[PDB]
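K.L.:
Can you read through this structure? Questions will come right after.
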Amino acid sequence: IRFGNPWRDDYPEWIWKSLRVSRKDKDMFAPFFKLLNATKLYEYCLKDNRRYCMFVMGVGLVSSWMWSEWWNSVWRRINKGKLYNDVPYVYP
Amino acid sequence: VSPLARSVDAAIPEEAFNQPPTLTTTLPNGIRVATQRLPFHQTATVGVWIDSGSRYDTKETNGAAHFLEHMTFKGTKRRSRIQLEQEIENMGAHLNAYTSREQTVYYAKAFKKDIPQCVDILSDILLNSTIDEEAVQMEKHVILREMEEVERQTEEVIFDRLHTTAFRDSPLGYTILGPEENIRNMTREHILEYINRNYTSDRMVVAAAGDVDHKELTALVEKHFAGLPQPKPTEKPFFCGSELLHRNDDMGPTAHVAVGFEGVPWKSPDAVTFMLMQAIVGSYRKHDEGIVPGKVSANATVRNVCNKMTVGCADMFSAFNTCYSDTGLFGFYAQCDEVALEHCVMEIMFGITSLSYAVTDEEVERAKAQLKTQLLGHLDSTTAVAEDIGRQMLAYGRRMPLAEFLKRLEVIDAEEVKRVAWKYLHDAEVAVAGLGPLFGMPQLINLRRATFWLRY
Ligand SMILES: CCCCCCCCCCCCCCCCCC(=O)OC[C@H](COP(=O)([O-])OCC(O)COP(=O)([O-])OC[C@@H](COC(=O)CCCCCCCCCCCCCCCCC)OC(=O)CCCCCCCCCCCCCCCCC)OC(=O)CCCCCCCCCCCCCCCCC
Ligand SMILES: [Zn+2]
């Protein structure tokens, strides 16, 4: 037993080998970065800090509300027939 | 109405247009000849400009280009070394040479009557030098001593290391001298391989200036360079953003630094604007100052540096712009005290970042004035003119006359500078090199986040 043992501890050979592997001059997500760079979001909205702030504020404004309404819909979808609106009271 | 509005207005003087022509002609084998005659001179300059340098070594023989510069003076098939030296001296002339990353130059000065001989000599040593192995094995002593001395001139080592850290992936990275082991391992076959791969007729131009006639020069070139051989894609060098710092506390109190940005090629439309931006940032020396105190100077960068902590934070700083065939460098070099280094550097980075936000036309016109003074002030002697002819012939395929340069410089205003800077320098990558007491030194990420302002 080499693990946790001050008399013997050392890495297994397969861990010593995992450190020899190489991915130099390779990249597998380049298409995504090329797409994003093609949208020219940086040139128009993020390269100037005043516009950076405008972007932050407006995207906040809209995203928050969309997220809210989506969670509302989920809350109604999971709880169907349990909430107050779904089961009207009928008078005697 | 008022006389104060009647002043004479001449942006460009008439002399800018009344200049003698530059005459050009291409010989059948592809060699190009250029000339300009200047009536107010008695002598002339003539030489050869070659479109090759250390960028065209191969990584195995890096340093061969520079070795050939020495070999060409060792002897030829027609004349021995003693004969060659005495035939340099007995003319009472000058002969110079040098090489660089992309260009190599040879030239001489003489009275008109000795231009033929000069051409002859030049051709000889370029075409017919005997690269003897038992002389190659001796020039190694001199080249090693040359390298030994070069390591003591700090500005040059700083710029070399800036090129090393900026162009890791390209032969622009190579130093002109080459490594030590390559100086020891150099061999005749390497030198001859460099020659037979780079010395082709399309790459050479012959230029003169002074009391010269285009016809006779063209005939002489036709006579002597008939033996030069004729010729038989590449991609843009990548620019890396990195630092290369040599910390050393046993060489006194002074720290040296250089910072660089990616530039533009010779032929780029914005080249001129770059030439102007270099002047807008300018330079300063604490020792020698002219007649304007730094604390009141019209240059805002100098002014801000000289007023720091009331004592001022730099020994020297100077900006620079260098253009190559397909890329450039743009930046500055500085010297300052151990404890001043941080301000010493960030003031000038603030300088350069101002060009994209807040520069105004007072500054632009001051810089135009100084730039014009400098450039138009150099071109006085025959050597300067011949060098300019050849340099422009290689860089552009032509020579640009003074009027054109002035007309293109005139129409640049502040908004144009503020456009180009925003195009190339705002939020860019930078490369850094330094030497000495660098405990103060800023982080790479500091210098890189400096390139934009969060204000605005
Ligand atoms: C409980 C209360 C708690 C309060 C906590 C508050 C914390 C805020 C900290 C402020 C930021 C740090 C300031 C340090 C500056 C250093 C000096 C300097 O040289 O700076 C140069 C720098 C200028 O850059 P430069 O010189 O051109 O070059 C920059 C370099 O190139 C490159 O830059 P660099 O790499 O050198 O880095 C510079 C760095 C320097 O900093 C650092 O290096 C260290 C990091 C800084 C601290 C980070 C942690 C702070 C946490 C932020 C969140 C706090 C929320 C608190 C809310 C309380 C809730 C109960 O500065 C920044 O980047 C700071 C950015 C963040 C500040 C801007 C926030 C304002 C947004 C307002 C939006 C509108 C909201 C309205 C609604 C009301 C909201 C309450 O100055 C700045 O930009 C700094 C910020 C300036 C302040 C702007 C105005 C602020 C007022 C906001 C509105 C107030 C709303 C109140 C209304 C309430 C309605 C009910
Ligand atoms: Zn040398």
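Residue numbering restarts at 1 for every chain of the structure tokens, chains are lettered A, B, ... in their displayed order, and ligands are numbered from 1 as they appear.
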Could you give me, as a PyMOL selection string, every polymer residue with an atom at most 8 Å away from an atom of ligand 1, counting only C-alpha atoms and all ligand atoms?
P.N.:
chain B and resi 446+449-456
K.L.:
Range 58-254 of chain B: which residues are helix (DSSP H, G or I) by DSSP, as a VMD selection string?
P.N.:
chain B and resid 64 to 71 81 to 89 112 to 127 133 to 150 154 to 166 180 to 185 188 to 198 201 to 203 214 to 227
K.L.:
At a cut-off of 12 Å, can you tabulate as CSV every residue of chain B near ligand 2 together with its closest atom pair and the distance in Å to one decimal, using only C-alpha atoms and all ligand atoms and ordering rows by chain then number?
P.N.:
```
residue,atom,partner,partner_atom_place_in_ligand_line,distance
B:63,CA,ligand 2,1 (Zn),11.0
B:64,CA,ligand 2,1 (Zn),11.7
B:65,CA,ligand 2,1 (Zn),10.8
B:66,CA,ligand 2,1 (Zn),7.1
B:67,CA,ligand 2,1 (Zn),7.7
B:68,CA,ligand 2,1 (Zn),9.8
B:69,CA,ligand 2,1 (Zn),7.4
B:70,CA,ligand 2,1 (Zn),6.5
B:71,CA,ligand 2,1 (Zn),10.2
B:72,CA,ligand 2,1 (Zn),11.8
B:73,CA,ligand 2,1 (Zn),11.5
B:97,CA,ligand 2,1 (Zn),10.0
B:98,CA,ligand 2,1 (Zn),8.4
B:99,CA,ligand 2,1 (Zn),9.4
B:100,CA,ligand 2,1 (Zn),11.5
B:139,CA,ligand 2,1 (Zn),9.6
B:140,CA,ligand 2,1 (Zn),10.3
B:141,CA,ligand 2,1 (Zn),10.9
B:142,CA,ligand 2,1 (Zn),7.6
B:143,CA,ligand 2,1 (Zn),6.0
B:144,CA,ligand 2,1 (Zn),9.2
B:145,CA,ligand 2,1 (Zn),9.1
B:146,CA,ligand 2,1 (Zn),6.0
B:147,CA,ligand 2,1 (Zn),8.3
B:148,CA,ligand 2,1 (Zn),11.2
B:149,CA,ligand 2,1 (Zn),10.5
B:150,CA,ligand 2,1 (Zn),9.8
B:176,CA,ligand 2,1 (Zn),9.7
B:177,CA,ligand 2,1 (Zn),8.0
B:178,CA,ligand 2,1 (Zn),11.4
B:183,CA,ligand 2,1 (Zn),11.8
```
K.L.:
Restricted to N, CA and C atoms, what would the selected residues look like written as a PDB file, in the first residue's frame?
P.N.:
```pdb
ATOM      1  N   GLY B  63      22.664  32.929 -37.964  1.00  0.00           N
ATOM      2  CA  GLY B  63      23.956  33.569 -37.799  1.00  0.00           C
ATOM      3  C   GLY B  63      24.829  33.531 -39.037  1.00  0.00           C
ATOM      4  N   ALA B  64      24.399  32.847 -40.101  1.00  0.00           N
ATOM      5  CA  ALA B  64      25.177  32.798 -41.335  1.00  0.00           C
ATOM      6  C   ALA B  64      25.166  34.141 -42.065  1.00  0.00           C
ATOM      7  N   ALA B  65      24.007  34.800 -42.132  1.00  0.00           N
ATOM      8  CA  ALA B  65      23.911  36.104 -42.789  1.00  0.00           C
ATOM      9  C   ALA B  65      25.008  37.059 -42.292  1.00  0.00           C
ATOM     10  N   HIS B  66      25.107  37.159 -40.973  1.00  0.00           N
ATOM     11  CA  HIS B  66      26.041  38.090 -40.374  1.00  0.00           C
ATOM     12  C   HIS B  66      27.479  37.648 -40.588  1.00  0.00           C
ATOM     13  N   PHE B  67      27.722  36.337 -40.666  1.00  0.00           N
ATOM     14  CA  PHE B  67      29.064  35.836 -40.955  1.00  0.00           C
ATOM     15  C   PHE B  67      29.504  36.227 -42.360  1.00  0.00           C
ATOM     16  N   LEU B  68      28.573  36.176 -43.313  1.00  0.00           N
ATOM     17  CA  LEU B  68      28.897  36.537 -44.689  1.00  0.00           C
ATOM     18  C   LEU B  68      29.321  37.990 -44.794  1.00  0.00           C
ATOM     19  N   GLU B  69      28.716  38.863 -43.984  1.00  0.00           N
ATOM     20  CA  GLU B  69      29.158  40.265 -43.977  1.00  0.00           C
ATOM     21  C   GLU B  69      30.655  40.387 -43.699  1.00  0.00           C
ATOM     22  N   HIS B  70      31.191  39.561 -42.796  1.00  0.00           N
ATOM     23  CA  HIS B  70      32.633  39.563 -42.553  1.00  0.00           C
ATOM     24  C   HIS B  70      33.384  38.899 -43.697  1.00  0.00           C
ATOM     25  N   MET B  71      32.851  37.789 -44.208  1.00  0.00           N
ATOM     26  CA  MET B  71      33.590  37.027 -45.209  1.00  0.00           C
ATOM     27  C   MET B  71      33.827  37.835 -46.479  1.00  0.00           C
ATOM     28  N   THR B  72      32.885  38.705 -46.850  1.00  0.00           N
ATOM     29  CA  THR B  72      33.013  39.399 -48.129  1.00  0.00           C
ATOM     30  C   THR B  72      34.228  40.317 -48.202  1.00  0.00           C
ATOM     31  N   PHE B  73      34.866  40.631 -47.077  1.00  0.00           N
ATOM     32  CA  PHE B  73      36.050  41.479 -47.065  1.00  0.00           C
ATOM     33  C   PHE B  73      37.342  40.684 -46.946  1.00  0.00           C
ATOM     34  N   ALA B  97      29.422  48.907 -44.773  1.00  0.00           N
ATOM     35  CA  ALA B  97      28.436  47.854 -44.939  1.00  0.00           C
ATOM     36  C   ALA B  97      27.739  47.579 -43.616  1.00  0.00           C
ATOM     37  N   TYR B  98      26.558  46.970 -43.711  1.00  0.00           N
ATOM     38  CA  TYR B  98      25.887  46.437 -42.530  1.00  0.00           C
ATOM     39  C   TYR B  98      24.713  45.572 -42.970  1.00  0.00           C
ATOM     40  N   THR B  99      24.192  44.791 -42.024  1.00  0.00           N
ATOM     41  CA  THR B  99      23.050  43.923 -42.268  1.00  0.00           C
ATOM     42  C   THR B  99      22.062  44.047 -41.116  1.00  0.00           C
ATOM     43  N   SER B 100      20.824  43.644 -41.382  1.00  0.00           N
ATOM     44  CA  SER B 100      19.731  43.783 -40.432  1.00  0.00           C
ATOM     45  C   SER B 100      18.804  42.583 -40.588  1.00  0.00           C
ATOM     46  N   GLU B 139      37.673  33.804 -38.449  1.00  0.00           N
ATOM     47  CA  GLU B 139      36.742  34.895 -38.157  1.00  0.00           C
ATOM     48  C   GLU B 139      35.883  34.621 -36.927  1.00  0.00           C
ATOM     49  N   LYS B 140      35.857  33.376 -36.450  1.00  0.00           N
ATOM     50  CA  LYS B 140      35.073  33.044 -35.268  1.00  0.00           C
ATOM     51  C   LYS B 140      35.577  33.795 -34.040  1.00  0.00           C
ATOM     52  N   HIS B 141      36.896  33.975 -33.924  1.00  0.00           N
ATOM     53  CA  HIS B 141      37.442  34.764 -32.822  1.00  0.00           C
ATOM     54  C   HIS B 141      36.818  36.155 -32.791  1.00  0.00           C
ATOM     55  N   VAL B 142      36.863  36.847 -33.930  1.00  0.00           N
ATOM     56  CA  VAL B 142      36.412  38.230 -33.995  1.00  0.00           C
ATOM     57  C   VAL B 142      34.916  38.310 -33.744  1.00  0.00           C
ATOM     58  N   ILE B 143      34.147  37.362 -34.280  1.00  0.00           N
ATOM     59  CA  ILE B 143      32.700  37.424 -34.086  1.00  0.00           C
ATOM     60  C   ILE B 143      32.340  37.156 -32.627  1.00  0.00           C
ATOM     61  N   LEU B 144      33.055  36.240 -31.968  1.00  0.00           N
ATOM     62  CA  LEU B 144      32.784  35.997 -30.554  1.00  0.00           C
ATOM     63  C   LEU B 144      33.119  37.223 -29.712  1.00  0.00           C
ATOM     64  N   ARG B 145      34.226  37.906 -30.018  1.00  0.00           N
ATOM     65  CA  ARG B 145      34.535  39.137 -29.288  1.00  0.00           C
ATOM     66  C   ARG B 145      33.494  40.221 -29.570  1.00  0.00           C
ATOM     67  N   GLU B 146      33.002  40.282 -30.808  1.00  0.00           N
ATOM     68  CA  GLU B 146      31.948  41.227 -31.162  1.00  0.00           C
ATOM     69  C   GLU B 146      30.693  40.986 -30.326  1.00  0.00           C
ATOM     70  N   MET B 147      30.288  39.722 -30.195  1.00  0.00           N
ATOM     71  CA  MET B 147      29.146  39.381 -29.348  1.00  0.00           C
ATOM     72  C   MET B 147      29.406  39.764 -27.893  1.00  0.00           C
ATOM     73  N   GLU B 148      30.610  39.453 -27.406  1.00  0.00           N
ATOM     74  CA  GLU B 148      30.994  39.825 -26.050  1.00  0.00           C
ATOM     75  C   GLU B 148      30.750  41.308 -25.809  1.00  0.00           C
ATOM     76  N   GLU B 149      31.205  42.153 -26.733  1.00  0.00           N
ATOM     77  CA  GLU B 149      30.989  43.585 -26.555  1.00  0.00           C
ATOM     78  C   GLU B 149      29.511  43.940 -26.659  1.00  0.00           C
ATOM     79  N   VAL B 150      28.783  43.304 -27.581  1.00  0.00           N
ATOM     80  CA  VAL B 150      27.388  43.680 -27.789  1.00  0.00           C
ATOM     81  C   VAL B 150      26.582  43.493 -26.516  1.00  0.00           C
ATOM     82  N   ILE B 176      20.600  38.935 -34.925  1.00  0.00           N
ATOM     83  CA  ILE B 176      21.463  39.067 -36.099  1.00  0.00           C
ATOM     84  C   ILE B 176      22.761  38.286 -35.913  1.00  0.00           C
ATOM     85  N   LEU B 177      23.288  38.236 -34.686  1.00  0.00           N
ATOM     86  CA  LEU B 177      24.575  37.589 -34.450  1.00  0.00           C
ATOM     87  C   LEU B 177      24.473  36.069 -34.456  1.00  0.00           C
ATOM     88  N   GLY B 178      23.353  35.520 -34.001  1.00  0.00           N
ATOM     89  CA  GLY B 178      23.209  34.095 -33.807  1.00  0.00           C
ATOM     90  C   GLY B 178      23.779  33.596 -32.497  1.00  0.00           C
ATOM     91  N   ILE B 183      27.995  30.182 -33.740  1.00  0.00           N
ATOM     92  CA  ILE B 183      29.240  30.841 -34.127  1.00  0.00           C
ATOM     93  C   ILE B 183      30.378  29.833 -34.138  1.00  0.00           C
TER      94      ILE B 183
END
```
K.L.:
Find the spatial neighbours of residue 381 in chain B, counting only C-alpha atoms, within a cut-off of 10 Å - ignore same-chain residues fewer than 2 positions away - and output them as a PyMOL selection string.
P.N.:
chain B and resi 38+41+43-45+209-210+378-379+383-386
K.L.:
For residue 22 in chain B, which residue out of B:352, B:259, B:400, B:108 is the nearest one, using only C-alpha atoms?
P.N.:
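The closest residue to residue 22 in chain B is B:400.
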K.L.:
Could you build a table of the residues in chain A lying no more than 9 Å from chain B, giving for each the nearest pair of atoms and their separation in Å rounded to one decimal place, using only C-alpha atoms, ordered by chain and ascending residue number, as JSON lines?
P.N.:
```
{"residue": "A:47", "atom": "CA", "partner": "B:427", "partner_atom": "CA", "distance": 7.8}
{"residue": "A:48", "atom": "CA", "partner": "B:456", "partner_atom": "CA", "distance": 7.4}
{"residue": "A:49", "atom": "CA", "partner": "B:454", "partner_atom": "CA", "distance": 6.0}
{"residue": "A:50", "atom": "CA", "partner": "B:456", "partner_atom": "CA", "distance": 5.8}
```
K.L.:
Find the residues near residue 393 in chain B: any atom within 12 Å, counting only C-alpha atoms, skip ones fewer than 4 places away on the same chain, and give them as a ChimeraX atom specification.
P.N.:
/B:22-26,31-35,48-51,103,203-208,266-267,386-389,397-401
K.L.:
Just the number, please: distance in Å from CA of residue 305 in chain B to CA of residue 347 in chain B, one decimal.
P.N.:
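Going from CA of residue 305 in chain B over to CA of residue 347 in chain B, I get 6.5 Å.
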K.L.:
Neighbours of residue 158 in chain B within 10 Å (only C-alpha atoms; same-chain residues fewer than 5 positions away dropped), as a ChimeraX atom specification?
P.N.:
/B:151,153,163-164,244,256-259,333,432-435
K.L.:
List every residue of range 113-276 of chain B that DSSP, applied to the backbone of this structure, places in strand (DSSP E or B), and write the result as an MDAnalysis selection string.
P.N.:
chainID B and resid 129 204:210 243:247 254:262
K.L.:
Ranking B:413, B:115, B:382, B:402 by minimum distance to residue 362 in chain B and counting only C-alpha atoms, which one comes first?
P.N.:
B:413
